[PDB]
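# Need a 3D model of the following:
(9 chains, ligands or ions: 5)
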Amino acid sequence: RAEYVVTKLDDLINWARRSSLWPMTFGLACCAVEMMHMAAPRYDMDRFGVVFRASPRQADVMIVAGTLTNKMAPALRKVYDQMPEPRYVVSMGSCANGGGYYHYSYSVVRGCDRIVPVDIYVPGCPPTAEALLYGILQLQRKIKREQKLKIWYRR
Amino acid sequence: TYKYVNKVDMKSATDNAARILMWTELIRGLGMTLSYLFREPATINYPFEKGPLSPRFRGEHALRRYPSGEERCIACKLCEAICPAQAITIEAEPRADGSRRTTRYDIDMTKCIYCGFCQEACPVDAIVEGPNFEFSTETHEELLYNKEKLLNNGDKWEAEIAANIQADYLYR
Amino acid sequence: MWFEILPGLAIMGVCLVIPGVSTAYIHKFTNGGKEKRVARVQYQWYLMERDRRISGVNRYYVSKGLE
Amino acid sequence: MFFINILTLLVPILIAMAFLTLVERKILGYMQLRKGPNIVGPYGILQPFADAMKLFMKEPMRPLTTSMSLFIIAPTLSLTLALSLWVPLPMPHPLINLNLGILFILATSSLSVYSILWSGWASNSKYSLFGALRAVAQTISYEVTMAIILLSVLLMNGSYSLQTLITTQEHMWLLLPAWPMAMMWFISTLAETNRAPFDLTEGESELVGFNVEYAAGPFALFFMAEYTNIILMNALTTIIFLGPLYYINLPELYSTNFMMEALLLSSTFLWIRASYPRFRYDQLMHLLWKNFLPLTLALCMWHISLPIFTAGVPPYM
Amino acid sequence: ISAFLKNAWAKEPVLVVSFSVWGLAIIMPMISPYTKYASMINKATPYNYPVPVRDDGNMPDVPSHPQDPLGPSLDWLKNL
Amino acid sequence: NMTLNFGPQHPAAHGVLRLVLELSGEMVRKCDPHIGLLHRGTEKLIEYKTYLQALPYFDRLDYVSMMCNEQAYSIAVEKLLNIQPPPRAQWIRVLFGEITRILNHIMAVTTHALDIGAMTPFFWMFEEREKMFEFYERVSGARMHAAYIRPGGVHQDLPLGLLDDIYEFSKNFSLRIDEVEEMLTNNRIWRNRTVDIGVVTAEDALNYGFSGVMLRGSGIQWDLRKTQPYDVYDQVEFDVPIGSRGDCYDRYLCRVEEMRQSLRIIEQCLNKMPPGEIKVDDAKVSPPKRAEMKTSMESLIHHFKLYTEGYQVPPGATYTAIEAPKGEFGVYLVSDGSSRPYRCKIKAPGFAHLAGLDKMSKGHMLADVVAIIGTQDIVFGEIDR
Amino acid sequence: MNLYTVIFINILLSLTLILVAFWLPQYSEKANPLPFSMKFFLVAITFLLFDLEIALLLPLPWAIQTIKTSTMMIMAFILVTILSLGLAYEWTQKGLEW
Amino acid sequence: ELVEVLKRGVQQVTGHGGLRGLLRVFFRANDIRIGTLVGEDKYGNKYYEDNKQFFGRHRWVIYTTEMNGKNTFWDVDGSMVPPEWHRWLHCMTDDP
Amino acid sequence: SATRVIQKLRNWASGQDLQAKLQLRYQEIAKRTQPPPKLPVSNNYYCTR
Ligand SMILES: CCCCCCCCCCCCCCCCCC(=O)OC[C@H](COP(=O)(O)OCCN)OC(=O)CCCCCCCCCCCCCCCCC
Ligand SMILES: COC1=C(OC)C(=O)C(CC=C(C)C)=C(C)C1=O
Ligand code: SF4
Ligand code: SF4
Ligand code: SF4
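Residues are numbered from 1 along each chain as shown, chains lettered A, B, ... in the order given. Ligands and ions are numbered 1, 2, ... in the order given. The coordinates are given below.
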């Protein structure tokens, strides 16, 4: 019936978004390096849909790797604000998830989340590359559960 | 010792123009990439074939428990006095047995740096840093571990921790 | 190994011959079993039109000489 | 049944292009020792439907563009032309027969430049305007080398009809008479797609190019029109230089062999992306203005003589 | 002069060819046994119809019939 | 002219840079790089942290070279204490220091290429880098910021299988270098993009304090591993790869040679590593062994005090420079008698190099600047500190 | 006609795909996103003075079959040459140089 | 040469548990590589070990259709594997 | 392990011997669980040292 049709159709909508996430890393990190190793031959990220990364306008997920210092904090917000609406943020690192080896310093944002909402927090100083891959896969499980069409029908 | 790195008869002149005009030298690169599509990719099937690690791999913390069942942590404060990220708060009491144990223990896993300065300082092998690295979270609160998300955590991996401790104890 | 890039080409290898075989049989079926005559210069058209005049309204139809 | 032809002419190129997005991700992968998509379908056969059905659902944000009129006419111009340069393509049987066919393909190809100009100008940005001006310079500069290669070659088949190139090749490939033309043609087909060792525009490391401010649909189309004439300018090389078999009977063999060589020339561009550092904008030009254009003009003069002194003036028609 | 061409063939190995074929094509027509035919093979094509002239009896050559031994007979274009 | 602020997020360089540029048409009139986008306060925080609990600040200064950054500090703290690491530890630091130079160079050569547009060299080498990480993970426990080269030695002995596995990697790595070698060294496209770009004259390089491959690329003879030897490098034989025509290419060629020369040094270290212990064992400086602290009181007291309070290095100040893969990495550690330092000025090969960008990239277009940053191997952790 | 139908269909497909693009989706400063290239202009009119060059060179396909073949050859060569000498002057002028 | 690989490929496909078995692997695990089952596991996971493949693919798990309230057929998880077999799959220890 | 033709494809195209230097670890790798080790440890007055 109508309920079944809109459950199946967002299952389609969700499959398309999670299958192909094009992510743009914020670099600025020791975490970025690890991210690179996820793009590399050992744990190809492309195989999962993620791409070797594209620009801000065409990016579905932003991975903030590395300390978001006070001077870079305005820039992260504008790039987050310059992305298409279906848009998510994965915070890699224990220096973007809060503070870090560098936590209490005059120039360090205590969590990139403060600047922009964060969907999955990957923990680890250099979150092991597999970790990030688990975190990206966890975003894909979060994207599967979302039911935007059902909520509009149940409006 | 030092080494220099970058330092005409028609035979040579024609050879130069045979490598500039009928490009023959960008071809030694095209065959070079053709040599790799026919090799075996290094990619591992990720979720099913997780990559290789070592018994030394430092990940999610956990509080080991004596085989009897007695927490090993005796609230020394020898592990926040060294934790450089200033992440641990272990307020303690006499536990009403007369014994000496924590009422409080903490890591803020969004401040920790997985340096293992807490597993090598602990004179009792209570706090370790397990081989987890799939513990990402959708929220900030699930990373501020308490003594009960570290003790039942250590009530989980103890079959998998002790093998690695017993495997590396001599080298440590 | 590299075995797998083939599934992909296989579709771009039929997705590209569907057009060449298609255009070349929707011509031989919408032109009476004969290639679509090509009118490049005035004289070809005339002959083509003449044919239509000779038989049916269709160029394709042909009069063997019994007509 | 003419409409049956378009439906069987545009579906089998938008469904092919889609799997060039895939094939441009796997072949590049195995060179990088990394498997491409394997998961969404059996071997990535079902990945383009995902980001097709995904990009179109992302907000087509008109970002304070100067003029939507352009922002939404540029991306459509492109896919409009690119999917049109296929209409006169000379298969054993072309969708439409067009004397002046090769001119048609040349002219329409040119209009594309506008997409770059319009898109860059509308979307207000330094990068956008910068990239566009620089990009079209390239595109235009390479038209002048394409035309001559195109012209020169003509003296040999002796007409502007794509459909005759097949006959001219009834017994030999034109690659052997003109491999110099075919070299510079390859670069003028590989760099007029803003593609390959030559991707100055959309400079990604240096420039973030024009399509930068584009997303979701408006982007998809621009993209769809870069992979639907990545197959043209190889499909022409499989007509103008590499001549497959043509028999009055068995009219498929041509299409089949057309396949076999268009995929290589479409798979030959893929070795390039994964092999050459990008040319710098100055060098690209100096490649055409001071190296290719000279050789192209002289060889054009050579080909106007070859018929006369070999008395081989081709037959009109 | 002759050894200046040797570096210009090693470096700059393009303009050499472009000024070696620019010209080659100017001398091949003037020196070829077969350049005469291009203005002749192109002169034989009867694109428009050959209007016949009225007979007076004063014209011996004009071949009366398409198959007379007379007239422009091209046993040349054949096996040119 | 036109002030296009190169992207702080821009994929090029290391993504922590601004580089406001004046665009005189296509060419760039002037560059004013605005670094500071990653100044975490490393030097301020170290003053509040004990000498052991500050080592970690160092592997996170140039995250591409992990264990060489540490080797500086470790050398600096050792000199202040007048203690020297045991013989096996010194070879292990040279073994790990050369693995880091290979990994920094694989980082610098391959990332320079993707900026230029060559994408495959990065993928082939990065798989070779994951093999090398595994060596750090299998000796320290982390694939990065290992914190293994501590004051007095390494923290723990090499696992029983590491040296065989390092031989197998070094045995086959050389083919991987020239595979990149054939891909980029002779290509028309790479030589044109790299040759005669950012030429720096010899005296200008010394005056601008370049001190690295940037110094050697212009032909100046200085390595700091053969000029002022540290550890046991005085016992290993290698050839500095100096170059002429100081241009990006000559600098690239030098970086590819040092990877090859490092395989020669790694070869000697595996062939000649001595039996011994890995940390000086005066318990006042390096912590007592796990069995000893659990059976002898003097060791428990020494473990408790060292972990809780610290080494308490004697008052003094030292500037110790080691040849980090980027260039001379030096720590000016000023020390009061206290267990925690007073000042730690991290000289970053990179603060000097980025200053040179405006002089080196003059009369150059926008695209050349992407190559100019690439050939300085600048990672902003060291510059920003 | 057929050509009309095709080119028109080709447009409708393009438009639909942007129609669906702006409607299927169904603030935040999301929208927020120079000197003269004299060199460029030069390159541009260099191309204009050369594109017209082609326009005078396209007759070759139908002039090769002229009776005065010798004349065509001569007329063409001069064009191609005088245009090459122009380019050459530019070269010396360094106009071609970027 | 080419003769042998196709014979080996058809073997794997048919002996990976049957057609539905194939589909459930090919379409849930993207793997058809036959491998010695080191051991089944509570929750129904399956561990396999082919030493002839390279160092990343000689140890792979094949998860359960479902476990507890997880419904982990399509939702395969990295942490689903028990603590007992993490020591082996990540190859910290050869000991099964 | 690859069909000889395919691998000779990679040796000829690369120009270098390629069976010898593998980027993939098959038996090259040391197996894990190395036997346990025993690490090596008068007038030793600290005032002298
Ligand atoms: C005597 C008989 C009568 C007369 C006969 C005619 C006279 C003889 C003709 C000889 C012709 C020799 C070849 C000339 C055409 C080749 C193009 C060319 O001329 O080279 C230009 C350029 C050279 O580069 P560079 O080294 O920088 O030289 C300029 C230095 N300032 O080259 C380049 O750098 C371009 C590089 C672009 C990227 C290329 C990437 C590789 C492409 C591989 C393509 C593979 C497929 C090619 C075939 C496709 C067929 C359809
Ligand atoms: C130059 O090589 C690189 C890319 O390709 C152009 C990337 O996309 C990315 C990822 C892109 C973004 C915006 C994080 C990185 C990090 C990179 O180094
Ligand atoms: S988190 Fe640890 S690793 Fe990631 S950046 Fe901050 S410090 Fe470097
Ligand atoms: S964990 Fe080990 S160190 Fe930290 S308090 Fe408990 S016992 Fe003392
Ligand atoms: S690991 Fe380092 S940081 Fe994390 S808790 Fe133990 S000591 Fe503090």
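# from memory residue A:22 sits against residue A:55, does it?
No - Residue A:22 is beyond contact range of residue A:55, at 9.1 Å (criterion: Cβ atoms under 8 Å). To be clear about C-beta, it is placed using only N, CA and C from the backbone, and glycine gets the same treatment.
# Show me which of these two is the more surrounded one.
Neighbours per residue, other Cβ atoms under 10 Å in any protein chain shown: of residue A:22 and residue A:55, the larger number sits with residue A:55, 24 against 19.
# Just confirm residue A:152 is within a helix.
Yes - checked against DSSP: H, G, I helix; E, B strand; the rest coil, residue A:152 lies within a helix.
# show me the contacts for it.
residue A:6 (Cβ atoms under 8 Å, 6 or more residues apart in numbering or on different chains).
# Which element, helix or strand, includes the residue nearest to residue C:15 when sequence neighbours are not counted?
Counting by Cβ to Cβ, 6 or more residues apart in numbering or on different chains, the nearest residue to residue C:15 once its immediate chain neighbours are dropped is residue D:16, at 3.7 Å. Assigned by DSSP states H and E, residue D:16 falls within helix D:2-31.
# Now that helix: buried residues?
Buried residues in helix D:2-31, counted by 16 or more other Cβ atoms under 10 Å in any protein chain shown: D:5-6, D:8-10, D:12-31.
# Determine the set of other helices and strands touching it.
Applying 3 or more Cβ pairs under 8 Å, 6 or more residues apart in numbering or on different chains; DSSP states H and E, one finds that helix D:2-31 contacts helix B:27-37, helix C:5-12, helix C:17-26, helix D:47-55, helix D:216-224, helix D:252-273, helix F:120-137, helix G:2-23.
# again, only using 7 Å
helix B:27-37, helix C:5-12, helix C:17-26, helix D:47-55, helix D:252-273, helix G:2-23 (3 or more Cβ pairs under 7 Å, 6 or more residues apart in numbering or on different chains; DSSP states H and E).
# now it, how far from the chain's geometric center?
In terms of Cα atoms, centre = their mean, to the nearest Å, the centre of helix D:2-31 is found 14 Å from the chain centre.
# in the stretch 151-300 of chain D, which spans are helices?
Remark: helices assigned in the stretch 151-300 of chain D by DSSP state H, counting those that start in this stretch are D:162-168, D:179-190, D:216-224, D:232-235, D:237-240, D:252-273, D:281-287, D:293-310.
# Pipe those helices into CSV and attach distance to residue F:196 and mean neighbour count per row.
Shown next, in CSV, are the helices of the stretch 151-300 of chain D (distance: least, Cβ to Cβ, whole Å; neighbours: other Cβ atoms under 10 Å in any protein chain shown):
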stretch, distance to residue F:196, mean neighbour count
helix D:162-168, 44, 21
helix D:179-190, 24, 21
helix D:216-224, 36, 24
helix D:232-235, 34, 24
helix D:237-240, 35, 24
helix D:252-273, 25, 20
helix D:281-287, 13, 20
helix D:293-310, 24, 22
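# Point out the residues in chain I that sit beside chain C.
Residues of chain I lying close to chain C (Cβ under 7 Å from any Cβ of the partner chain) are residue I:2.
# Which residue does chain I have closest to chain A?
Residue of chain I nearest chain A, by Cβ to the nearest Cβ: residue I:23 (8.5 Å).
# isn't that residue right up against residue F:127?
Yes - counting by Cβ atoms under 7 Å, residue I:23 does reach residue F:127; the two are 6.0 Å apart.
# what residues are shared contacts of these two?
Residues touching both residue I:23 and residue F:127 (Cβ atoms under 7 Å, 6 or more residues apart in numbering or on different chains): B:42, D:33.
# follow-up on the earlier one: can you name the residues that contact the residue nearest to residue C:15?
So residue D:16 contacts C:12, C:15-16, D:231 (Cβ under 7 Å, 6+ apart).
# and of those, the nearest to residue I:47?
residue C:12 (82.1 Å; Cβ to Cβ).
# which ones are touching residue 27?
If you meant another chain, say so; for now it's chain A. Applying Cβ under 7 Å, 6+ apart, the residues near residue A:27 are A:65-66, F:14-16.
# now, which of those residues lie within strands?
residue A:65 (DSSP state E).
# with the contacts of residue A:27 in mind, which one is nearest to residue D:148?
The closest of those, once distances to residue D:148 are taken by Cβ to Cβ, is residue F:15, at 43.6 Å.
# With distance to residue A:1 as added columns, please give the helices of the stretch 151-300 of chain D in JSON lines.
Putting these into JSON lines (distance: least, Cβ to Cβ, whole Å) gives the following:
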{"stretch": "helix D:162-168", "distance to residue A:1": "54"}
{"stretch": "helix D:179-190", "distance to residue A:1": "53"}
{"stretch": "helix D:216-224", "distance to residue A:1": "31"}
{"stretch": "helix D:232-235", "distance to residue A:1": "47"}
{"stretch": "helix D:237-240", "distance to residue A:1": "52"}
{"stretch": "helix D:252-273", "distance to residue A:1": "46"}
{"stretch": "helix D:281-287", "distance to residue A:1": "59"}
{"stretch": "helix D:293-310", "distance to residue A:1": "67"}
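# how about the helix or strand residue F:371 falls within as PDB, C-alpha atoms only?
Element membership for residue F:371, per DSSP H and E: helix F:366-374. Provided in PDB are the C-alpha atoms of helix F:366-374 (Å, rounded to 0.1, in the frame of the first residue of the first chain):
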ATOM      1  CA  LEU F 366      50.000  29.800 -10.400                       C
ATOM      2  CA  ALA F 367      50.800  26.200 -11.300                       C
ATOM      3  CA  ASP F 368      54.600  26.600 -10.500                       C
ATOM      4  CA  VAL F 369      53.700  27.600  -6.900                       C
ATOM      5  CA  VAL F 370      52.000  24.200  -6.400                       C
ATOM      6  CA  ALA F 371      55.400  22.600  -7.400                       C
ATOM      7  CA  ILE F 372      57.300  25.100  -5.200                       C
ATOM      8  CA  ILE F 373      55.500  24.100  -2.000                       C
ATOM      9  CA  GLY F 374      55.800  20.400  -3.000                       C
END
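# ok so, going back, right, so of the helices of the stretch 151-300 of chain D, which gets closest to chain I?
Nearest to chain I among the helices of the stretch 151-300 of chain D is helix D:252-273; the distance by Cβ to the nearest Cβ comes to 10.7 Å.
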